[PDB]
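These notes are about the structure you will find just below.
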Amino acid sequence: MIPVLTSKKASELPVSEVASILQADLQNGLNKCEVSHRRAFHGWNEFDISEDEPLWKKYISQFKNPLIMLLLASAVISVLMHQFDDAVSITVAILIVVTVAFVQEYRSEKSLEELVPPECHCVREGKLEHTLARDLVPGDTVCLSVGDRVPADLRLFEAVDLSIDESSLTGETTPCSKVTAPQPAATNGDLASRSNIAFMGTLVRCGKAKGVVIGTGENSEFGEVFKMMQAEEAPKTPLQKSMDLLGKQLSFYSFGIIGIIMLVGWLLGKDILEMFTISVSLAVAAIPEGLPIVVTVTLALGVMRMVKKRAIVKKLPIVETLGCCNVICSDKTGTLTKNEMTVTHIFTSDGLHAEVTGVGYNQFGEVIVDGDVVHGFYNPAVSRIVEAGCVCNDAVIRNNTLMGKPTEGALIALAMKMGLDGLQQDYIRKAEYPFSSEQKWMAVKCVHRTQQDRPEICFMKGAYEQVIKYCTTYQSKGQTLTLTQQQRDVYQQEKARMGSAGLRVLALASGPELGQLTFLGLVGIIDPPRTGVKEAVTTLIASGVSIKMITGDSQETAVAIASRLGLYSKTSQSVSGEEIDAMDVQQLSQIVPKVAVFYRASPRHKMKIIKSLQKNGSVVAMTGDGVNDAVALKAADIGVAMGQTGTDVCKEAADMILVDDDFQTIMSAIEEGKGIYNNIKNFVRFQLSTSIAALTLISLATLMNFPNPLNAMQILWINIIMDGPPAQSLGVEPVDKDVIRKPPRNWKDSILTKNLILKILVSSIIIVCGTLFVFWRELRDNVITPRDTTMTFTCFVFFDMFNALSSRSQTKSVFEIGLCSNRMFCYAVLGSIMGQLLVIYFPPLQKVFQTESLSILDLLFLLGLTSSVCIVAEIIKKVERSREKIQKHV
Ligand SMILES: Nc1ncnc2c1ncn2[C@@H]1O[C@H](COP(=O)(O)OP(=O)(O)O)[C@@H](O)[C@H]1O
Ligand code: ALF
Ligand SMILES: [Ca+2]
């Protein structure tokens with residue numbers, strides 16, 4: 001059997017011993033059968049899933065709520081009293097309440113169980129595959145590049161200037177350097193001296209590494225520490241504690257009102273038992289005992305609906321601030337535009353204009369100069385630019401797939417169209433200066449493969465303003481002349497003409513050494529934008545949010561794209577990158593609400609901009625994707641990391657990520673969050689309206705005479721129907737398309753507004769008026785009849801049902817939506833109707849409850865009169881929509 005060795009054993013033993021003991025191939029790797037055997041033997045590369053849930057313990061913990069315990073105490077002291085029906089009814093009712101609370105808790109636990117398995121790169125069968133870190137087995141060959149995180153315990157056998165961040169493991173802010181040499185047995189006392197082992201969960205900052213898996217899952221003390229630190233957390237949502245405070249205030253007000261009405265009923269009154277029972281009923285009915293449950297389940301359904309649309313968001317409280325945003329920055333490449341570059345226009349230093357046809361990275365296409373087809377080395381000016389773009393290239397084309405930068409793949413395809421694919425191997429690359437964000441140029445110094453006696457030739461490419469600083473001469477009609485200022489102005493004007501059409505400009509120069517280069521020409525690398533982003537950005541800035549652009553390119557093409565998709569209003573400015581560099585946050589904070597395009601910028605500037613965006617009243621939505629951009633995401637409130645082109649540093653230490661990079665997904669998530677908030681507001685509105693109506697009805701009933709026709713069991717059933725399946729049906733709801741045009745909700749604003757208060761008060765007074773009308777119409781000279789109680793109970797039930805029906809959406813009436821789209825509402829409605837009809841006619845229940853019989857014409861009159869609240873709500877909604885239309889028409 002293969003033994004599992006610890007970290008110190010792999011540290012003290014050389015690479016040969018750790019390879020022979022583990023039987024791991026450094027170059028070939030392990031086979032599929034051996035990997036499957038090791039996975040079946042040692043298990044999966046995850047923490048031990050040993051967690052049992054005593055569902056019976058949860059069921060009994062659903063008890064002990066003081067109010068239901070006082071209800072059970074009343075029930076048992078009633079058993080002591082010479083009576084049986086009230087006791088058994090109260091016991092069955094409290095049983096239904098406990099089981100509905102338990103199933104609600106189980107559903108909330110399921111929703112809270114409802115982001116991703118972490119992927120990695122592994123070398124198996126001699127090939128590198130992008131596989132799951134969960135299926136990793138001890139002995140696999142793992143490659144770690146910049147950005148990638150260490151999946152499991154790794155024994156380093158190859159390392160190039162590797163620096164790994166271990167602050168999450170030991171707390172040191174300084175990354176330690178890794179080496180492949182074995183450490184002596186004397187220095188293995190502390191953890192910081194272990195520079196030959198890559199531990200699980202560590203973050204690789206820089207460098208490259210190739211190691212062998214030695215420890216997975218449980219076979220690591222650091223793995224145990226991680227399992228115990230990142231398993232039990234409690235990141236409560238600000239909206240959650242806000243709703244908790246609101247519910248506590250409502251409960252305190254309800255308890256005060258109940259104490260007041262009890263003091264009133266005690267004076268000039270008797271039958272203390274019924275008063276205490278009805279007080280307990282009002283206490284269990286008025287208070288919201290399901291607000292956290294419904295808010296959690298609606299947040300979970302919202303996050304599930306938004307991840308269904310390819311939008312993964314961690315840090316659940318972020319869903320609270322999702323949609324509250326008002327400034328959403330974006331980059332040109334990636335989110336706002338697909339990563340596809342195509343060379344279309346070529347401008348040589350001689351003044352020639354060449355057009356390149358064909359779309360895609362293939363050999364299909366031709367170069368036309370003044371009507372003539374240029375192939376091979378027919379035109380010196382064009383062929384020089386082609387060879388300069390080809391010899392200085394890091395991307396490679398294979399089976400129409402590009403490996404590297406797409407901007408270099410564009411020049412690769414351009415050389416392919418001219419039949420110059422085999423030129424890149426004709427030169428021997430000697431010196432390389434790669435393309436960096438600070439220098440913005442890439443240079444290669446090479447010699448010919450068969451003409452090594454010739455002087456070394458260096459080719460530089462990049463931005464015009466950076467390349468032209470190294471150019472001293474130019475070519476015209478085959479003659480090398482000196483670069484005058486007029487030639488520089490002509491080149492700048494041509495760059496402006498190219499940028500005005502939305503083409504990325506790229507300058508190229510060639511020479512014997514750096515500093516005495518001749519400038520060959522410019523190329524127009526067009527970038528087709530994604531389809532559908534135009535209308536999205538149009539409807540985004542039309543109300544609420546404002547989109548920015550951090551491209552890092554020149555101002556010309558940036559403004560061209562921002563005008564094509566639509567970002568530049570008549571009153572808008574644009575700032576450079578050197579302007580942000582030589583300026584503090586205070587002076588910048590006064591020009592940010594006007595600027596919308598950031599050209600010639602860099603991620604190093606982004607953080608600073610964020611500070612300015614944090615100076616005034618606003619919240620940031622960044623879109624960092626590459627390296628050295630995770631700190632900007634952490635400093636901002638939320639950070640949008642891309643899935644395809646995204647490192648692990650900017651993925652795990654970040655916020656909501658977007659797979660299948662696009663721009664409308666943020667808008668969809670914003671609409672989802674706003675719909676969640678609207679559903680929560682509608683549920684709170686319905687609950688508060690029903691509670692206020694019941695409280696004022698009970699008060700007007702027990703005021704000075706004519707005691708309440710609603711008994712304890714009836715009010716408890718009303719509580720069940722107010723906080724049951726028809727209650728949470730309002731929380732979960734498919735959103736319509738109206739909130740994207742609404743202004744964003746401020747963080748200072750609460751969930752209760754003036755119109756909501758007016759609506760709940762109108763609903764309550766209508767309920768009370770209808771109930772009093774029914775009470776007056778049922779009896780004229782009759783003191784007390786059970787038919788009166790039945791009529792009042794069924795009337796209040798039907799009124800609550802119609803009020804819940806009218807409370808489907810605060811911005812949409814019942815006519816626009818149908819009897820679908822969360823049909824669970826209609827399911828709960830029909831279930832409650834069946835339960836009510838069973839309560840009406842059931843001889844075994846007629847002794848339990850108060851209802852014993854009813855008439856058909858009485859039921860018809862009840863359904864005819866109950867629609868008053870519904871018609872009033874629809875009338876006020878129609879007049880509000882008419883006022884909205886007449887105010888937008890002017
Ligand atoms: N491989 C490269 N060689 C030389 N110059 C480049 C290369 N790639 C990009 N550039 C230039 O450097 C600029 C900066 O690129 P980057 O900072 O990655 O932003 P973006 O790619 O979105 O423009 C580009 O606008 C382009 O002019
Ligand atoms: F892809 Al960029 F700045 F937009 F590096
Ligand atoms: Ca209640």
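Every chain in the structure tokens has a letter given in the order shown (A, B, ...), and although residue numbers restart at 1 in each chain, ligands are simply numbered from 1 in the order shown.
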Taking the chain letters and numbering used in this document, name the residues of stretch 125-369 of chain A that DSSP puts in alpha helix (DSSP H), as a ChimeraX atom specification.
/A:221-229,238-266,272-286,291-308,318-321
Taking only C-alpha atoms and all ligand atoms into account, which residues have an atom no farther than 6 Å from ligand 3? I'd like them as number ranges by chain.
A: 284-289, 719
Using the selection just defined, write its residues with C-alpha atoms as a CSV table (one decimal), in the first residue's frame.
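As a result, part-v7.csv now contains:
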chain,number,residue,atom,x,y,z
A,284,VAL,CA,-49.5,34.6,18.7
A,285,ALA,CA,-51.3,36.2,15.8
A,286,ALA,CA,-50.1,39.8,15.7
A,287,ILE,CA,-46.3,39.1,16.1
A,288,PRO,CA,-44.4,37.9,13.0
A,289,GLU,CA,-42.9,34.5,13.9
A,719,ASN,CA,-52.7,33.3,12.5
Just the residues within 10 Å of residue A:257, please, counting only C-alpha atoms, with nothing from its chain fewer than 3 positions along; format it as a PyMOL selection string.
chain A and resi 251-254+260-263+282-283+695-696+699
Suppose we keep N, CA, C and O atoms; can you now write the selection as a compact mmCIF listing (two decimals), in the first residue's frame?
# COMPACT_ATOMS: atom_id res chain seq x y z
N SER A 251 -43.63 43.73 17.73
CA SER A 251 -44.03 42.86 18.83
C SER A 251 -44.23 43.65 20.12
O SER A 251 -45.16 43.39 20.88
N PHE A 252 -43.35 44.62 20.38
CA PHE A 252 -43.51 45.45 21.57
C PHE A 252 -44.78 46.28 21.49
O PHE A 252 -45.51 46.40 22.48
N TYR A 253 -45.07 46.87 20.32
CA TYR A 253 -46.30 47.63 20.16
C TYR A 253 -47.53 46.75 20.33
O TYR A 253 -48.51 47.14 20.97
N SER A 254 -47.48 45.53 19.77
CA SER A 254 -48.60 44.61 19.92
C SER A 254 -48.79 44.20 21.37
O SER A 254 -49.93 44.10 21.85
N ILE A 260 -53.10 46.96 27.10
CA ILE A 260 -54.12 48.00 27.21
C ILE A 260 -55.52 47.41 27.11
O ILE A 260 -56.39 47.70 27.94
N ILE A 261 -55.76 46.57 26.10
CA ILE A 261 -57.09 46.01 25.93
C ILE A 261 -57.42 45.03 27.06
O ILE A 261 -58.59 44.88 27.43
N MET A 262 -56.41 44.38 27.64
CA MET A 262 -56.66 43.52 28.79
C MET A 262 -57.04 44.33 30.01
O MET A 262 -57.95 43.95 30.76
N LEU A 263 -56.37 45.47 30.23
CA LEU A 263 -56.75 46.35 31.33
C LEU A 263 -58.15 46.90 31.13
O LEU A 263 -58.91 47.08 32.09
N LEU A 282 -54.24 36.75 20.30
CA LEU A 282 -53.78 37.98 19.67
C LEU A 282 -52.26 38.09 19.73
O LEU A 282 -51.63 38.62 18.81
N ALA A 283 -51.65 37.58 20.80
CA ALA A 283 -50.20 37.63 20.92
C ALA A 283 -49.53 36.71 19.91
O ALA A 283 -48.51 37.08 19.31
N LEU A 695 -56.33 43.56 15.15
CA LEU A 695 -56.23 44.23 16.44
C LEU A 695 -57.34 45.26 16.62
O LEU A 695 -58.01 45.29 17.66
N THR A 696 -57.55 46.12 15.62
CA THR A 696 -58.60 47.13 15.74
C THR A 696 -59.98 46.50 15.74
O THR A 696 -60.90 47.00 16.41
N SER A 699 -60.47 45.23 19.23
CA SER A 699 -60.68 46.37 20.12
C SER A 699 -62.09 46.91 20.00
O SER A 699 -62.78 47.10 21.02
With a distance cut-off of 8 Å and only C-alpha atoms, select the neighbouring residues of stretch 338-342 of chain A, excluding the residue or stretch itself and same-chain residues fewer than 4 positions from it, and output the selection as a list in words.
residues 333, 334, 359, 360, 361, 406, 407, 409, 410, 525, 526, 527, 528, 529 and 530 of chain A
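Near ligand 2, at a distance of at most 8 Å and with only C-alpha atoms and all ligand atoms counted, sit the residues residues 331, 332, 333, 334, 437, 550, 551, 552, 553, 601, 602, 603 and 626 of chain A.
Nearest to residue A:304 of all the residues A:206, A:640, A:732, A:88 is A:732, based on only C-alpha atoms.
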Report as a ChimeraX atom specification all protein, DNA and RNA residues lying within 12 Å of residue A:348, evaluated on only C-alpha atoms, omitting residues in the same chain fewer than 4 positions from it.
/A:352-355,369,379-386,474-477,490-491,494-495,506-509,518-524
For stretch 21-36 of chain A, work out the shell of residues within 10 Å, counting only C-alpha atoms and skipping chain neighbours fewer than 3 positions away, then give it as a PyMOL selection string.
chain A and resi 1-5+15-18+39-41+43+122-128+135-142+157-158+210-214
Include N, CA, C and O atoms and write out the residues we just selected as a tab-separated table (two decimals), in the first residue's frame.
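Output below, filename again11.tsv:
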chain	number	residue	atom	x	y	z
A	1	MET	N	0.83	-1.20	0.00
A	1	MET	CA	0.00	0.00	0.00
A	1	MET	C	0.86	1.26	0.00
A	1	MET	O	1.99	1.24	0.50
A	2	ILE	N	0.33	2.34	-0.56
A	2	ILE	CA	1.04	3.61	-0.61
A	2	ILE	C	0.87	4.33	0.73
A	2	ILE	O	-0.26	4.57	1.17
A	3	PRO	N	1.96	4.66	1.42
A	3	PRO	CA	1.83	5.35	2.71
A	3	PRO	C	1.74	6.86	2.53
A	3	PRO	O	2.29	7.43	1.59
A	4	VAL	N	1.01	7.49	3.45
A	4	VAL	CA	0.91	8.95	3.45
A	4	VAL	C	1.98	9.53	4.36
A	4	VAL	O	2.02	9.24	5.56
A	5	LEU	N	2.86	10.35	3.78
A	5	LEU	CA	3.96	10.96	4.52
A	5	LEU	C	3.59	12.39	4.90
A	5	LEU	O	2.88	13.07	4.15
A	15	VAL	N	14.01	14.96	-3.36
A	15	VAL	CA	12.93	14.75	-4.32
A	15	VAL	C	12.94	13.31	-4.84
A	15	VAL	O	11.88	12.74	-5.12
A	16	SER	N	14.12	12.71	-4.95
A	16	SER	CA	14.20	11.33	-5.43
A	16	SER	C	13.53	10.37	-4.46
A	16	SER	O	12.80	9.46	-4.88
A	17	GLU	N	13.76	10.55	-3.16
A	17	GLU	CA	13.16	9.66	-2.17
A	17	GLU	C	11.65	9.85	-2.11
A	17	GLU	O	10.90	8.87	-2.01
A	18	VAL	N	11.18	11.09	-2.16
A	18	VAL	CA	9.74	11.35	-2.08
A	18	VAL	C	9.05	10.91	-3.36
A	18	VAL	O	7.84	10.67	-3.39
A	39	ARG	N	-8.05	7.25	-5.16
A	39	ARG	CA	-9.24	7.97	-4.72
A	39	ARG	C	-10.17	7.07	-3.93
A	39	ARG	O	-10.78	7.49	-2.94
A	40	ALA	N	-10.31	5.81	-4.36
A	40	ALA	CA	-11.14	4.86	-3.62
A	40	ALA	C	-10.50	4.45	-2.30
A	40	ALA	O	-11.22	4.10	-1.36
A	41	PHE	N	-9.17	4.49	-2.21
A	41	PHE	CA	-8.47	4.11	-0.99
A	41	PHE	C	-8.41	5.24	0.04
A	41	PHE	O	-8.87	5.07	1.17
A	43	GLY	N	-9.83	8.31	-0.28
A	43	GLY	CA	-10.98	9.18	-0.29
A	43	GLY	C	-10.78	10.38	-1.21
A	43	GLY	O	-9.82	10.47	-1.98
A	122	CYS	N	-3.64	19.86	-13.36
A	122	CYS	CA	-2.88	18.69	-12.95
A	122	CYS	C	-2.24	18.02	-14.16
A	122	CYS	O	-2.81	17.98	-15.25
A	123	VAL	N	-1.04	17.48	-13.95
A	123	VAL	CA	-0.31	16.79	-15.00
A	123	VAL	C	-0.49	15.29	-14.82
A	123	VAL	O	0.01	14.70	-13.85
A	124	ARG	N	-1.22	14.67	-15.75
A	124	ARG	CA	-1.48	13.24	-15.72
A	124	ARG	C	-1.29	12.68	-17.12
A	124	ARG	O	-1.63	13.34	-18.10
A	125	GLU	N	-0.74	11.46	-17.20
A	125	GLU	CA	-0.49	10.78	-18.47
A	125	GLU	C	0.37	11.64	-19.39
A	125	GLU	O	0.30	11.54	-20.62
A	126	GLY	N	1.21	12.49	-18.80
A	126	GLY	CA	2.08	13.36	-19.56
A	126	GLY	C	1.43	14.61	-20.11
A	126	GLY	O	2.13	15.42	-20.73
A	127	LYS	N	0.13	14.80	-19.89
A	127	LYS	CA	-0.58	15.96	-20.40
A	127	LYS	C	-1.17	16.76	-19.25
A	127	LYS	O	-1.48	16.21	-18.19
A	128	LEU	N	-1.32	18.07	-19.46
A	128	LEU	CA	-1.86	18.96	-18.44
A	128	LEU	C	-3.36	19.13	-18.67
A	128	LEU	O	-3.78	19.55	-19.75
A	135	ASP	N	-10.84	15.62	-6.81
A	135	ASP	CA	-10.38	14.30	-7.24
A	135	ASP	C	-8.87	14.13	-7.14
A	135	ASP	O	-8.36	13.10	-7.59
A	136	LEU	N	-8.16	15.10	-6.57
A	136	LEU	CA	-6.71	14.99	-6.45
A	136	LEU	C	-6.34	13.89	-5.46
A	136	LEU	O	-6.97	13.73	-4.42
A	137	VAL	N	-5.29	13.14	-5.80
A	137	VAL	CA	-4.83	12.04	-4.96
A	137	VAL	C	-3.36	12.26	-4.64
A	137	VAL	O	-2.64	12.94	-5.39
A	138	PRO	N	-2.88	11.71	-3.53
A	138	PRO	CA	-1.46	11.85	-3.18
A	138	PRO	C	-0.56	11.25	-4.25
A	138	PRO	O	-0.64	10.06	-4.57
A	139	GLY	N	0.32	12.09	-4.81
A	139	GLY	CA	1.23	11.67	-5.85
A	139	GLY	C	1.06	12.36	-7.18
A	139	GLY	O	1.89	12.17	-8.08
A	140	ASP	N	0.01	13.16	-7.35
A	140	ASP	CA	-0.21	13.84	-8.62
A	140	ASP	C	0.79	14.98	-8.79
A	140	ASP	O	1.29	15.56	-7.82
A	141	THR	N	1.07	15.31	-10.05
A	141	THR	CA	1.96	16.41	-10.40
A	141	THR	C	1.13	17.66	-10.63
A	141	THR	O	0.32	17.71	-11.56
A	142	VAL	N	1.33	18.67	-9.78
A	142	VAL	CA	0.55	19.90	-9.82
A	142	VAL	C	1.46	21.05	-10.24
A	142	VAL	O	2.56	21.22	-9.70
A	157	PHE	N	9.45	20.14	-6.34
A	157	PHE	CA	10.61	19.63	-7.06
A	157	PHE	C	11.08	20.56	-8.16
A	157	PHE	O	12.21	20.39	-8.65
A	158	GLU	N	10.27	21.53	-8.58
A	158	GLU	CA	10.71	22.57	-9.51
A	158	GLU	C	10.14	23.91	-9.06
A	158	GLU	O	8.96	24.00	-8.74
A	210	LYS	N	6.37	23.47	-9.88
A	210	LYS	CA	5.89	22.13	-10.17
A	210	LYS	C	6.19	21.24	-8.98
A	210	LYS	O	7.35	21.09	-8.58
A	211	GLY	N	5.14	20.66	-8.40
A	211	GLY	CA	5.28	19.87	-7.20
A	211	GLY	C	4.51	18.57	-7.29
A	211	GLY	O	3.76	18.34	-8.24
A	212	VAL	N	4.70	17.73	-6.28
A	212	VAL	CA	4.03	16.44	-6.20
A	212	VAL	C	3.12	16.43	-4.97
A	212	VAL	O	3.53	16.88	-3.89
A	213	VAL	N	1.90	15.93	-5.14
A	213	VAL	CA	0.94	15.90	-4.04
A	213	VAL	C	1.41	14.90	-2.99
A	213	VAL	O	1.76	13.76	-3.32
A	214	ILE	N	1.42	15.32	-1.73
A	214	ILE	CA	1.89	14.47	-0.64
A	214	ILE	C	0.81	14.34	0.43
A	214	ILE	O	0.77	13.35	1.17
Can you pull out the residues contacting stretch 807-811 of chain A? Cut-off 9 Å, using only C-alpha atoms, and skip same-chain residues under 2 positions away; I want them as a list in words.
residues 678, 679, 681, 682, 683, 685, 686, 730, 733, 738, 739, 802, 803, 804, 805, 813, 814, 825 and 877 of chain A
Would you save the residues of that selection, restricted to N, CA and C atoms, as an mmCIF file, in the first residue's frame?
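Result file out29.cif:
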data_model
loop_
_atom_site.group_PDB
_atom_site.id
_atom_site.type_symbol
_atom_site.label_atom_id
_atom_site.label_comp_id
_atom_site.auth_asym_id
_atom_site.auth_seq_id
_atom_site.Cartn_x
_atom_site.Cartn_y
_atom_site.Cartn_z
ATOM 1 N N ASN A 678 -38.674 43.952 -3.018
ATOM 2 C CA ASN A 678 -40.083 44.273 -3.222
ATOM 3 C C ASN A 678 -40.987 43.174 -2.676
ATOM 4 N N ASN A 679 -40.580 41.910 -2.826
ATOM 5 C CA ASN A 679 -41.368 40.813 -2.275
ATOM 6 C C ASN A 679 -41.365 40.844 -0.752
ATOM 7 N N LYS A 681 -41.030 43.549 1.041
ATOM 8 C CA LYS A 681 -41.881 44.681 1.393
ATOM 9 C C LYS A 681 -43.356 44.325 1.268
ATOM 10 N N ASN A 682 -43.718 43.563 0.231
ATOM 11 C CA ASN A 682 -45.111 43.163 0.056
ATOM 12 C C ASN A 682 -45.558 42.218 1.165
ATOM 13 N N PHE A 683 -44.697 41.273 1.545
ATOM 14 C CA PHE A 683 -45.028 40.378 2.651
ATOM 15 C C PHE A 683 -45.218 41.156 3.946
ATOM 16 N N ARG A 685 -46.038 44.301 4.233
ATOM 17 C CA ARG A 685 -47.266 45.075 4.084
ATOM 18 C C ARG A 685 -48.490 44.226 4.396
ATOM 19 N N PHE A 686 -48.577 43.040 3.788
ATOM 20 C CA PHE A 686 -49.722 42.164 4.019
ATOM 21 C C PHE A 686 -49.822 41.763 5.486
ATOM 22 N N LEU A 730 -45.673 34.870 -0.876
ATOM 23 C CA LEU A 730 -45.415 36.230 -1.331
ATOM 24 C C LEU A 730 -43.927 36.549 -1.374
ATOM 25 N N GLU A 733 -41.168 34.802 -5.665
ATOM 26 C CA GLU A 733 -41.973 35.298 -6.774
ATOM 27 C C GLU A 733 -41.086 35.618 -7.972
ATOM 28 N N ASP A 738 -39.861 45.783 -14.336
ATOM 29 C CA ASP A 738 -40.189 47.165 -13.986
ATOM 30 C C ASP A 738 -39.169 47.844 -13.082
ATOM 31 N N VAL A 739 -38.340 47.104 -12.344
ATOM 32 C CA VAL A 739 -37.510 47.724 -11.318
ATOM 33 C C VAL A 739 -36.260 48.354 -11.921
ATOM 34 N N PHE A 802 -58.705 37.597 0.042
ATOM 35 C CA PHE A 802 -58.717 38.580 -1.035
ATOM 36 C C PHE A 802 -57.657 39.656 -0.830
ATOM 37 N N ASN A 803 -57.334 39.988 0.423
ATOM 38 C CA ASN A 803 -56.264 40.947 0.676
ATOM 39 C C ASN A 803 -54.908 40.365 0.299
ATOM 40 N N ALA A 804 -54.694 39.077 0.581
ATOM 41 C CA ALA A 804 -53.468 38.424 0.135
ATOM 42 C C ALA A 804 -53.420 38.307 -1.382
ATOM 43 N N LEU A 805 -54.579 38.130 -2.023
ATOM 44 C CA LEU A 805 -54.619 38.088 -3.481
ATOM 45 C C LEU A 805 -54.282 39.447 -4.083
ATOM 46 N N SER A 813 -50.637 45.155 -11.083
ATOM 47 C CA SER A 813 -51.972 44.752 -10.675
ATOM 48 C C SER A 813 -52.194 43.268 -10.969
ATOM 49 N N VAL A 814 -53.397 42.791 -10.632
ATOM 50 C CA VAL A 814 -53.739 41.387 -10.853
ATOM 51 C C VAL A 814 -54.039 41.090 -12.313
ATOM 52 N N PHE A 825 -48.847 30.276 -4.985
ATOM 53 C CA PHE A 825 -49.853 31.156 -4.397
ATOM 54 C C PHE A 825 -51.253 30.584 -4.587
ATOM 55 N N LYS A 877 -54.698 51.675 -7.639
ATOM 56 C CA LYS A 877 -53.579 51.334 -8.513
ATOM 57 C C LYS A 877 -53.765 51.932 -9.903
#
Determine which residues of stretch 487-617 of chain A receive a DSSP assignment of strand (DSSP E), computed from the backbone, and state them as a ChimeraX atom specification.
/A:503-511,517-526,546-547,573-575,595-598
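Atom to atom, atom CA of residue A:478 and atom CA of residue A:376 stand 17.2 Å apart.
Considering only C-alpha atoms, the residue among A:622, A:49, A:767, A:403 positioned nearest to residue A:610 is A:622.
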Among the residues A:576, A:450, A:108, A:393, the one that comes closest to ligand 1 [using only C-alpha atoms and all ligand atoms]
A:393
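Rounded to one decimal, atom CA of residue A:185 and atom CA of residue A:12 lie 6.2 Å from each other.
Counting only C-alpha atoms and all ligand atoms and comparing A:585, A:204, A:411, A:716, the residue that lies closest to ligand 1 is A:411.
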